[PDB]
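K.L.:
Please find start-v3.cif (mmCIF, C-alpha atoms) on the next line:
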data_entry
#
loop_
_atom_site.label_atom_id
_atom_site.label_comp_id
_atom_site.auth_asym_id
_atom_site.auth_seq_id
_atom_site.Cartn_x
_atom_site.Cartn_y
_atom_site.Cartn_z
CA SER V 943 -93.26 -51.71 -27.87
CA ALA V 944 -94.38 -49.64 -24.82
CA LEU V 945 -90.74 -49.40 -23.51
CA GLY V 946 -89.42 -47.81 -26.76
CA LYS V 947 -87.74 -44.85 -24.92
CA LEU V 948 -85.42 -47.23 -22.96
CA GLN V 949 -84.81 -49.59 -25.91
CA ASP V 950 -83.85 -46.53 -28.04
CA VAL V 951 -81.21 -45.53 -25.43
CA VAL V 952 -79.79 -49.11 -25.49
CA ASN V 953 -79.80 -49.21 -29.33
CA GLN V 954 -78.17 -45.75 -29.84
CA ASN V 955 -75.23 -46.54 -27.54
CA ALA V 956 -74.71 -49.99 -29.17
CA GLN V 957 -74.93 -48.56 -32.75
CA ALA V 958 -72.47 -45.73 -31.89
CA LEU V 959 -69.99 -48.19 -30.31
CA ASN V 960 -70.17 -50.61 -33.31
CA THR V 961 -69.63 -47.61 -35.67
CA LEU V 962 -66.49 -46.71 -33.66
CA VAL V 963 -65.13 -50.29 -34.15
CA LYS V 964 -65.94 -50.51 -37.91
CA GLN V 965 -63.88 -47.30 -38.40
CA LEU V 966 -60.72 -49.39 -37.62
CA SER V 967 -61.21 -51.30 -40.95
CA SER V 968 -61.34 -48.01 -42.96
CA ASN V 969 -58.28 -46.86 -45.02
CA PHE V 970 -58.73 -43.03 -44.80
CA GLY V 971 -56.52 -42.96 -47.98
CA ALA V 972 -53.72 -45.21 -46.57
CA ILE V 973 -52.29 -48.18 -48.59
CA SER V 974 -53.84 -50.59 -46.01
CA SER V 975 -56.04 -50.35 -42.87
CA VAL V 976 -53.94 -53.09 -41.14
CA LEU V 977 -51.14 -51.32 -39.24
CA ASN V 978 -48.56 -54.17 -39.33
CA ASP V 979 -49.31 -54.64 -43.08
CA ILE V 980 -47.94 -51.11 -43.78
CA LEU V 981 -44.84 -51.73 -41.61
CA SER V 982 -44.14 -55.12 -43.29
CA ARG V 983 -44.63 -53.71 -46.88
CA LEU V 984 -43.03 -50.20 -46.82
CA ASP V 985 -39.70 -48.47 -46.09
CA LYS V 986 -39.69 -46.75 -42.65
CA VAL V 987 -39.83 -43.10 -43.89
CA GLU V 988 -42.85 -43.87 -46.18
CA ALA V 989 -44.50 -46.17 -43.59
CA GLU V 990 -44.67 -43.10 -41.28
CA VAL V 991 -46.67 -41.22 -44.00
CA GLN V 992 -49.20 -44.06 -44.38
CA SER E 399 -15.56 -35.07 -45.20
CA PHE E 400 -14.91 -38.02 -47.56
CA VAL E 401 -14.48 -39.21 -51.22
CA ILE E 402 -16.89 -41.51 -53.21
CA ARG E 403 -17.68 -42.23 -56.92
CA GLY E 404 -20.15 -39.79 -58.60
CA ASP E 405 -22.88 -42.52 -58.84
CA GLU E 406 -22.92 -42.92 -54.98
CA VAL E 407 -23.73 -39.27 -53.97
CA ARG E 408 -27.50 -40.11 -53.84
CA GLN E 409 -26.88 -42.40 -50.80
CA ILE E 410 -25.67 -39.36 -48.74
CA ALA E 411 -29.20 -38.39 -47.55
CA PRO E 412 -31.41 -39.01 -44.44
CA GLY E 413 -33.50 -42.24 -44.46
CA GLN E 414 -31.47 -43.87 -47.33
CA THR E 415 -30.52 -47.59 -47.65
CA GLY E 416 -27.48 -49.01 -49.55
CA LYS E 417 -23.77 -50.02 -49.26
CA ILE E 418 -22.52 -46.46 -48.54
CA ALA E 419 -25.58 -45.41 -46.46
CA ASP E 420 -25.68 -48.55 -44.22
CA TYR E 421 -21.98 -49.64 -44.08
CA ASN E 422 -19.96 -46.39 -44.55
CA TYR E 423 -21.96 -43.25 -43.48
CA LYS E 424 -25.55 -43.10 -42.04
CA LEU E 425 -27.61 -39.87 -41.60
CA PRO E 426 -30.40 -39.61 -38.92
CA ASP E 427 -34.09 -38.99 -39.76
CA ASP E 428 -33.96 -35.54 -38.00
CA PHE E 429 -30.82 -34.47 -40.01
CA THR E 430 -30.59 -30.64 -40.06
CA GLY E 431 -27.80 -29.76 -42.42
CA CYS E 432 -26.53 -29.59 -46.01
CA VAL E 433 -24.85 -32.19 -48.28
CA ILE E 434 -22.23 -30.64 -50.59
CA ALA E 435 -20.57 -32.67 -53.41
CA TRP E 436 -18.13 -31.84 -56.26
CA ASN E 437 -16.13 -33.68 -58.94
CA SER E 438 -12.49 -34.35 -57.87
CA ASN E 439 -11.18 -36.44 -60.85
CA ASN E 440 -8.23 -33.96 -61.18
CA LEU E 441 -7.06 -34.65 -57.54
CA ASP E 442 -8.39 -38.13 -56.64
CA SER E 443 -7.95 -40.25 -59.84
CA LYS E 444 -4.54 -41.70 -60.93
CA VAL E 445 -3.13 -43.44 -64.08
CA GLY E 446 -3.71 -47.22 -63.73
CA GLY E 447 -6.30 -46.40 -60.97
CA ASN E 448 -5.97 -44.71 -57.54
#
Could the structure of this file be written out as structure tokens, please?
P.N.:
Amino acid sequence: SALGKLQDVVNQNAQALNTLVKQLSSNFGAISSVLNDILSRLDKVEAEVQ
Amino acid sequence: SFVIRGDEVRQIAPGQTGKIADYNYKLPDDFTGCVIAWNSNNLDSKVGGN
């Protein structure tokens, strides 16, 4: 527990980089978060909106 | 310039799919322009069918 200042710097960079990856699973209001799922399910002019 | 039945006019638009759109006359996604249509039954129909 003495080395908490270095462990904190390891943990913050790992927790930021995992949060960046989990944001790929998010919809942001799109019909799906999987990019090929949109393109397989929707007509090309609407797929560009999603 | 061309002739079609009144039901088919909806296919004359950018990003459409259908028999007229895909096998007779296709418009691009960046189409900058106007689509003008009018009834021609008086010129283009004939007795027993034209």
K.L.:
I need the output of the PyMOL selection byres ((chain V) within 12 of (chain E)) for this file as a PDB file with C-alpha atoms, in the frame of the given file; which residues are they?
P.N.:
ATOM      1  CA  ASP V 985     -39.700 -48.470 -46.090  1.00  0.00           C
ATOM      2  CA  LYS V 986     -39.690 -46.750 -42.650  1.00  0.00           C
ATOM      3  CA  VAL V 987     -39.830 -43.100 -43.890  1.00  0.00           C
ATOM      4  CA  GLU V 988     -42.850 -43.870 -46.180  1.00  0.00           C
ATOM      5  CA  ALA V 989     -44.500 -46.170 -43.590  1.00  0.00           C
ATOM      6  CA  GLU V 990     -44.670 -43.100 -41.280  1.00  0.00           C
TER       7      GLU V 990
END
K.L.:
Evaluate the PyMOL selection byres ((chain E and resi 439-443) around 10) and record the selected residues as JSON, numbers by chain, following the chain and residue labels used in the document.
P.N.:
{"E": [401, 402, 403, 404, 436, 437, 438, 444, 445, 446, 447, 448]}
K.L.:
Any chance you can output those residues with C-alpha atoms as a PDB file, keeping the file's coordinate frame?
P.N.:
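Dumped to part-v2.pdb:
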ATOM      1  CA  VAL E 401     -14.480 -39.210 -51.220  1.00  0.00           C
ATOM      2  CA  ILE E 402     -16.890 -41.510 -53.210  1.00  0.00           C
ATOM      3  CA  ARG E 403     -17.680 -42.230 -56.920  1.00  0.00           C
ATOM      4  CA  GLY E 404     -20.150 -39.790 -58.600  1.00  0.00           C
ATOM      5  CA  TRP E 436     -18.130 -31.840 -56.260  1.00  0.00           C
ATOM      6  CA  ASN E 437     -16.130 -33.680 -58.940  1.00  0.00           C
ATOM      7  CA  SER E 438     -12.490 -34.350 -57.870  1.00  0.00           C
ATOM      8  CA  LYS E 444      -4.540 -41.700 -60.930  1.00  0.00           C
ATOM      9  CA  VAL E 445      -3.130 -43.440 -64.080  1.00  0.00           C
ATOM     10  CA  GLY E 446      -3.710 -47.220 -63.730  1.00  0.00           C
ATOM     11  CA  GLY E 447      -6.300 -46.400 -60.970  1.00  0.00           C
ATOM     12  CA  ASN E 448      -5.970 -44.710 -57.540  1.00  0.00           C
TER      13      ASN E 448
END
K.L.:
What is the distance between atom CA of residue 955 of chain V and atom CA of residue 970 of chain V, in Å to one decimal?
P.N.:
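Interatomic distance here is 24.1 Å.
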K.L.:
Near residue 425 of chain E, counting all atoms listed in the file, which residues have an atom at most 10 Å away, once you skip same-chain residues fewer than 4 positions from it, shown as a PyMOL selection string?
P.N.:
chain E and resi 409-414+419-420+429-430
K.L.:
Between atom CA of residue 958 of chain V and atom CA of residue 976 of chain V, measure the distance and give it in Å to one decimal.
P.N.:
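Separating atom CA of residue 958 of chain V from atom CA of residue 976 of chain V is a distance of 22.0 Å.
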K.L.:
Mind pulling up the distance from atom CA of residue 399 of chain E to atom CA of residue 423 of chain E?
P.N.:
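Between these atoms lies a distance of 10.5 Å.
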K.L.:
Convert the output of the PyMOL selection byres ((chain E and resi 433) around 10) on the shown file into explicit residues, formatted as a PyMOL selection string.
P.N.:
chain E and resi 407+410-411+431-432+434-435
